[PDB]
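Below sits a lone chain in structure tokens, taken as the form deposited without its partner chain.
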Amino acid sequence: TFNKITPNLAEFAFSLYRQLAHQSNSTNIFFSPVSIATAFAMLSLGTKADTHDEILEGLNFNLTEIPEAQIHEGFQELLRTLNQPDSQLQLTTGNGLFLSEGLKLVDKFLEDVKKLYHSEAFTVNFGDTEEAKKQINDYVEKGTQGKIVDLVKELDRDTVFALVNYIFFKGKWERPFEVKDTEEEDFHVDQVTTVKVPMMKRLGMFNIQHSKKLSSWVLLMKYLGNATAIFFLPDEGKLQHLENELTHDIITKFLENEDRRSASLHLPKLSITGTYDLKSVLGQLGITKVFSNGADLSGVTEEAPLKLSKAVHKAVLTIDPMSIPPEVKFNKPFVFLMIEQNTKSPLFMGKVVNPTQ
């Protein structure tokens, strides 16, 4: 069916998406609800009281309704699915915890992080800010075989604790077809901005429909690693309407539909990245205490004060009847979700507005 925590991850995806889209309506959006929520659920194991409750509530878990055991069990099961060989061929995810080597660390936290969340904790010398930044970036670069470079650009001089969360997905259509060369085609960013994109033209039976509720074309395509992308192409002037009207229930209904129709598609071959300061973005969702001097991280270190000084997310996606069917060109801004098929968990959510930006 679906993972217990999938509805929570869906609400977290919409909360974070709508925050980013409200900030700027001219900006690309690309993040992993799954990888950010996993990292902060893992971090919550080392926190207590208001610091702890703020993190899980900020991930859209109602702690009056869902027991904390079912939350961690949900994530462990989700990670079990994501760590299967078929998934691992397309999907790399990692969480690096970097802690000042002068700290006495609680063994229980280091056990739970490594055991339950398959995450890595390192001691680093934050006395040397430039070397610590290099060590963090080397760990991410090595984890992604050179794909993610110089992830952390700045560390505060008083940094004692940094968290880096990364996800790398190699996108390749599951279904083989009559492969042509891409052709360079216009992508209408806005009324006065056009950029060339490589466009794959396909005529076939697609899981595609027009939605009166979303005022959008809705296309579902399958990728290796048990992933389904839902692409929402809004009608002229309806992108904000589409963003406003999306719900988990609506997305579930699209994922359940297997009906196809004949369509001529123009599909841009787009690689996309998103980099986020999680202290900034999660702060706006109400996660603030863990990043403040007040932070209760007594689960990480018993003796000394501790706060999370730095939290960075990076998401990377790379691509490896005889009657006139509809012609649908993804040649203008579109919204998307990528779902993991077993759990129905939102691996990615975002919006392409400028393919070159």
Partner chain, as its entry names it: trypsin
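Numbering follows the first chain given and starts at 1.
The discussion below concerns the form solved in complex with its partner chain, not included here.
In the bound PDB entry, none of the heavy atoms of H52 sits within 4.5 Å of a heavy atom of its partner chain. Put simply, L45 is far from its partner chain in the bound PDB entry: not one heavy atom of it is within 4.5 Å. Using a 4.5 Å cutoff between non-hydrogen atoms, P305 counts as a contact of its partner chain in the bound PDB entry. Using a 4.5 Å cutoff between non-hydrogen atoms, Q70 does not count as a contact of its partner chain in the bound PDB entry. With contact defined as any non-hydrogen atom lying within 4.5 angstroms of its partner chain in the bound PDB entry, the contacting residues in 281-298 are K289, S292, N293, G294, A295, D296, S298, given in sequence order.
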